[PDB]
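Read through the structure below, which is laid out as structure tokens, and then see the notes.
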Amino acid sequence: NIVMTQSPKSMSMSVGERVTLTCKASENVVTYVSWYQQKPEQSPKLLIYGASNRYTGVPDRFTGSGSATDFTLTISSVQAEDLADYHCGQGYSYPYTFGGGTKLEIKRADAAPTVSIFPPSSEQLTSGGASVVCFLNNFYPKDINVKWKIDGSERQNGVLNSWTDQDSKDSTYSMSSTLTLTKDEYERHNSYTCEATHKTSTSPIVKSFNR
Amino acid sequence: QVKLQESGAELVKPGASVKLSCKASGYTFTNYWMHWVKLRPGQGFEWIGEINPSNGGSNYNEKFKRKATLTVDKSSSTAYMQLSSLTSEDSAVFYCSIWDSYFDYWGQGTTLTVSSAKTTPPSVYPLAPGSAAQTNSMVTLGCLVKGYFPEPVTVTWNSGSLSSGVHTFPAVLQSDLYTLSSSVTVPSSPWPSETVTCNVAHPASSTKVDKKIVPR
């Protein structure tokens, strides 16, 4: 079976730049190669067929090239919307096969997170549980740290973090951190603190409520 | 509109079989081969096989030989893929799609979970700051969708209307149960002088839930 391999595994480029994605086939596939673009929370979309044929509708900045065993997708001027996983596949011989994908991200100006904190709902509190939630929204770069404090003391167990994919409009990231405790640990403290560490500030961004 | 409709989700016991459906409309069903593909997170696509709706003619990936069988129903204009002897290796998103150079189209994909575990509806908790006027010119509201199985859930705000400034975070599995949250950001001119309501569906449990965000 023909094996397809893409490079790079991942990268980030600035809007406007030229980007080059490569795809190697373990044996000759002439020009029977397609490129698919799979944006976050979406189904894949055909960009290029027959190695170099722009699918109807595709913006001109996307040009496919190559033959035999080596193939290239070039984006002449990346746009923030071009954020995505790009896949290449050969349709020369059965079974049809695909590379492992290239994750393209967009570089943008550093951006500080909007931090917002939420106490447990009375609904949850009635069940025995208490989740405290903190949204750190639309920042860049992706690297961020969250720290939870209870009456001044860092809490460690019971926290769950999730990060969104990069946003196609503004190129930022968002994160959610939920601290979960029992009802009767929660009531037994007053001050709840969400503490964000990001390269945009030398001091952490703190958000906090009492009660 | 050209459409290839697949069920959102399917939960199935390991060792059992399942019939994935892909229901076609908007074009002449019998004039295009239907391709089935498998997608696991952080993997590339795997091609399962293809079937000609005109006659039922098929081509399979040898790898899926004992695993997948492709059929078609011309009167329902529906393609089906049967998966047998299911194992955890089978849990993945499955897509049907048409691969023509002048006509390339993909279903939404069905999320297959094979698990002995029983289905658990989500708890959904409104996230209010709350109070008022804090802070900047807009407000961030949210919903915590907790303790469910299996994936997926779908979260909308004001039934789709509010698509601006929504962030829905990827579910995380914490102990045989998933949790996710979603936040929305709106000018304080709307809220709370308007309904802001998160809508949550859990296909597997047929759960539908609306939680209005109430101040404080």
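First the proteins, then the strands, lettered A, B, ... as listed; each starts at 1.
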By residue number, those in residues 126-137 of chain B with heavy atoms under 4.5 Å from heavy atoms of chain A are B/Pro126, B/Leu127, B/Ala128, B/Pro129, B/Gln134, B/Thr135
Please check if the number of heavy atoms outside A/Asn157 that lie under 6.0 Å from its CG is greater than 12.
no
What's the separation between atom CG in A/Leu47 and atom CG in B/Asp104, rounded to the nearest 0.5 Å?
10.0 Å
May I have the step-by-step check of side-chain contact (heavy atoms from CB on, under 4.5 Å) for B/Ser183 and A/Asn137, ending in yes or no?
CA-CA 9 Å; B/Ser183 69; A/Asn137 285 343; 3.5 Å; yes
Among B/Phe64, B/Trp47, B/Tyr60, the one residue meeting ring-ring contact (aromatic ring centres under 6.0 Å, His included) with A/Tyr94
B/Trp47
A/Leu46 versus chain B, the contacting section by heavy-atom distance below 4.5 Å
both
Please say whether more than 12 non-hydrogen atoms of neighbouring residues, nucleotides or ligands are located less than 6.0 Å from NZ in A/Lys24.
yes
Nearest heavy-atom approach of A/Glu123 to B/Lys211 is OE2-NZ, 3.3 Å
Which one, A/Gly101, A/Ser174, A/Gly100, A/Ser43, leads in non-hydrogen pairs under 4.5 Å with chain B?
A/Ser174
Is it the side chain or the backbone of B/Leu39 that comes within 4.5 Å of chain A heavy atoms, both, or neither?
side chain
Does A/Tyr32 OH have over 12 foreign heavy atoms under 6.0 Å away?
no
Against chain A, label B/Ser182 side chain, backbone, both or neither, depending on which of its atoms sit under 4.5 Å from a heavy atom there.
backbone
Chain A heavy atoms under 4.5 Å from B/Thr140: which part of the residue, side chain, backbone, both or neither?
both
So which part of B/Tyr95 gets closer than 4.5 Å to some heavy atom of chain A, the side chain, the backbone, both or neither?
side chain
Could you tell me if the side chain of B/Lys146 sits less than 4.5 Å from the side chain of A/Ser131, heavy atoms only?
yes
Most contacts with chain B, counted as non-hydrogen pairs under 4.5 angstrom, among A/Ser162, A/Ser34, A/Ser127
A/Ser162
What part of A/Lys9 lies closer than 4.5 angstrom to a heavy atom of chain B: side chain, backbone, both or neither?
neither
Greater than 12 external heavy atoms within 6.0 Å of A/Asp151's CG:
yes
Interchain contact, B/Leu173 with chain A, by part (heavy-atom threshold 4.5 Å):
neither
Just how far is it from atom CH2 of B/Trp106 to atom OH of A/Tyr36, taken to the nearest 0.5 Å?
5.5 Å
Should we count NZ of A/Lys149 as having more than 12 external heavy atoms under 6.0 Å?
yes
Run the ring pair (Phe, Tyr, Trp, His ring centres under 6.0 Å) test on B/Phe169 and A/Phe135 for me, step by step, so that the C-alpha distance in whole Å, both residues' side-chain angles and the decisive distance to 0.1 Å come before the verdict.
CA-CA 10 Å; B/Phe169 306 85; A/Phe135 289 135; 5.5 Å; yes
Given that the side chain runs from C-beta out, which part of A/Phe98 has a heavy atom under 4.5 Å from chain B: side chain, backbone, both or neither?
both
B/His167 vs A/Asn138, test: side-chain hydrogen bond (donor to acceptor under 3.5 Å, both in side chains). Steps then yes/no.
CA-CA 9 Å; B/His167 290 347; A/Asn138 305 66; 3.0 Å; yes
Is A/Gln6 close to chain B through its backbone or its side chain, or both, or neither, when contacts mean heavy atoms under 4.5 Å?
neither
